[PDB]
Structures are given as C-alpha cells and as structure tokens.
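Quick setup: one chain, the form solved without adenosine-5'-diphosphate (ADP), written in structure tokens, and binding and motion questions come after.
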C-alpha cells in the first residue's frame, strides 16, 4: 500500500481512463498496491473488487506507471497497436496506464538456456524488422557515448572513494579509447535497424501459463532506450548481459562473471535463430553461405559488444553522481570497463 496523496490520483486516473466497471467504481472499492516504488518510474497494480463483474472487455487489473517526451509515447502506443507490447489503456502528463501481464522477469542464468535465448533471438529479430516514425540515421550509439563522455569529464565527486574510482577510470584516457573504438566499429558493417538497446533479463517477461511453450513464453518490454542503431549493438549488448546479475542482495548489488559470456557455440545458437527470423529468405541459403554469414555476424556482434561496455560504463559513472537508487554504480562502471579491455584482448583488436 501507497500514501494518501496517491491511490486517489490513481483512483481518478483508473476511473476516468478505463471503461466498464471502472466507470462507476467508488474510491473505497479501489484496490491498489505497489509493484515497484522509489523516486522515478514507480509501478502500481490496480484492480477491481473480485466481487465486481466486468461490464465489457475492459481489464480487471492494470499497471500504472508514474514518470515521477513525445517519442517515448508514440513508440509505446505503436508497439501496443502491433501486439509487440503491453496494451496502452491510458496516457497523461505524469504517467500512463498499461496492460498488466501476469509474469516474472527472467534471471541472468536463464538467458543461456537454449530454448530461452532462441526465443529472445527470434523476438529481437522481429523487433528489428519494425518500421518506426523515427530518425533512421544511426546517430544514437556514438552520440550518446560522446554525450556521456563529456558529462563524465565534468563530474566532480565529494567522497574520496568515488574520486579515487573516477580517477582510475579517467586514467584509461577515455577520449582516446573512444576514438580507437570508433575506428574499429566504422570498419565493421552492421545493418541499421530499430534496436531495443537494453535487452537485459530484467526487461524480458516469462509469461505465466506458457512456461511450457517452447517458442512463445517470452515478451520483451521497456523500450525507453530503443532507437535506430547498429544491429550488432543490440545483440552484443544482450550477450554482455549474460555476465551481469543484478539480483545480488549485498552491495554493489550486482555480480560480474566474465566466464558466463556466451561461448561460440552458444553464440552460433542465438544467431542461428536470429537470422531466419530477420531475413525470411536466409533459411533457403546454401549451407556454406549460411556459415559465411554466421562467421561474419560473430565478428560483427562481438565487436559491437565493446560499445555496450563503453556506453554503459560511461552511463554508470554519470548515474553515480545523480541517481539515488542504491546500486554500486562506480564498481559496475569499473566492471564494464574491465570487460571492455578483456574483450579487446580477446578479439585482438
């Protein structure tokens, strides 16, 4: 349960924005509980009295999201219209009402289950074929990294620990290294598509009641960082996410495990599912040509995986200065940068 200053707001929003029973519902009939609290993007679960029959096809239970601009909204509406996302039941200046999808999030170690990562591949490829009314020019990747790098070189921390950690990070010569990375990635062909850009296990729902479905038990959510971007980044980033488990209950509240990065075999298995789903003609290609393509895609995504480390490393340093959320951001930054340089050595680039 929430505070008084809300739940009423939540009451009004549900009563005004939802059809059916919601329309005549009394403030004492309103059921609401917290799904995730905090200062920003708070989730809530609102529901009709179980003793209330629905008048039409309106939802019994809904997700309320409180922001705590225009593109984010257009995108969610579109994904909703195409059944790629939760339905959009209502939208307003300080949040929105979304479909409540009975489910849990994936856990890190589940990303490696052959059936799971085969469906994530298939879903990412599908996400990747969608037309969106947004800029098709791949500005996002280096634009965001420059934006973050510049912030980082302006960040001053008070406590000695953060100063120390920032100092060790700045000692990699991030500006120079960004240019080394630009060189590498420019010379690495990767089709521009609509990328989720944050395809981590916490954004993948296992839909309850089909945990037994072999190719249809997952849904991708949270598209807040989505944009047109190099394909290799969405895949590389997701592969990186195999190494990071955010459920750790002690500070810094994540574990990094480099050994958990997908093996070549595991990589070939993800992309062997991705490709058929991304170009429908791929399956009919010559056994030999498929491997030509797969070997190339492996080079492609493992290289862009470096951008995942670099971008989210920088991102993490900024979050440290400004976020309230309890999470060891600097240590995570240090982890992403270690994995960065470990991956460079591994690739010999």
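Residue numbers count along the first chain shown, from 1. Here, rigid core means the biggest group of C-alpha atoms that superpose within 1.5 Å across both forms.
Per-stretch RMS Cα distance to the displayed form in 9 other deposited structures of this protein, following rigid core alignment, is highest for 160-168 when 107-115 and 160-168 are compared. With each structure aligned by its rigid core, the stretch whose Cα atoms sit farther from this model in 9 other deposited structures of this protein, between 275-283 and 235-243, is 275-283.
The entry models residue 37 and residue 38 with no unmodelled deposited residue separating them. The deposited model assigns a higher average Cα B-factor to 86-94 than to the other stretch when 73-81 and 86-94 are compared.
Two stretches are in play, 193-201 and 126-134, and the higher mean C-alpha B-factor belongs to 126-134.
Considering 316, 41, 308, 302 together, the PDB entry gives 41 the largest C-alpha B factor. If you compare the C-alpha temperature factors of 210, 231, 265, 105 in the entry, 210 comes out highest.
Per the PDB record, residue ranking by Cα B-factor puts residue 240 in the lowest third of the chain. Residue 223: CA B factor lies in the middle third for its chain, per the PDB record. Residue 327 sits in the middle third of its chain by CA B factor, as recorded in the PDB entry. Residue-level temperature factors show residue 260 in the middle third of its chain, judged at the C-alpha atom. Annotation for residue 174: C-alpha temperature factor in the middle third relative to the rest of the modelled chain, per the entry.
There is also a form deposited with adenosine-5'-diphosphate (ADP) bound; it is not shown, and the following applies to it.
For this chain, the superposed copy of adenosine-5'-diphosphate (ADP), brought over from its placement in the deposited complex, stays clear of the backbone and C-beta atoms by more than 2.4 Å at every atom, so the pocket is open. When adenosine-5'-diphosphate (ADP) is considered in the deposited complex, only one residue from 293, 299, 285, 43 comes within 4.5 Å through any heavy atom, namely 43.
Comment: adenosine-5'-diphosphate (ADP) is not present in this chain, but in the deposited complex one of 203, 190, 267, 273 has a heavy atom within 4.5 Å of it, namely 203.
The stretch from 163-171, 258-266, 112-120, 216-224 that comes within 4.5 Å of adenosine-5'-diphosphate (ADP) in the deposited complex, counting heavy atoms only, is 216-224. In the deposited complex, adenosine-5'-diphosphate (ADP) sits beyond 4.5 Å of every heavy atom of residue 306.
With a 4.5 Å cutoff on heavy atoms, residue 182 does not count as touching adenosine-5'-diphosphate (ADP) in the deposited complex; it lies far away. Heavy atoms of residue 86 reach within 4.5 Å of adenosine-5'-diphosphate (ADP) in the deposited complex, making it an interface residue. For the chain shown alone, residue 100 is a contact residue for adenosine-5'-diphosphate (ADP) in the deposited complex, at least one non-hydrogen atom being within 4.5 angstroms.
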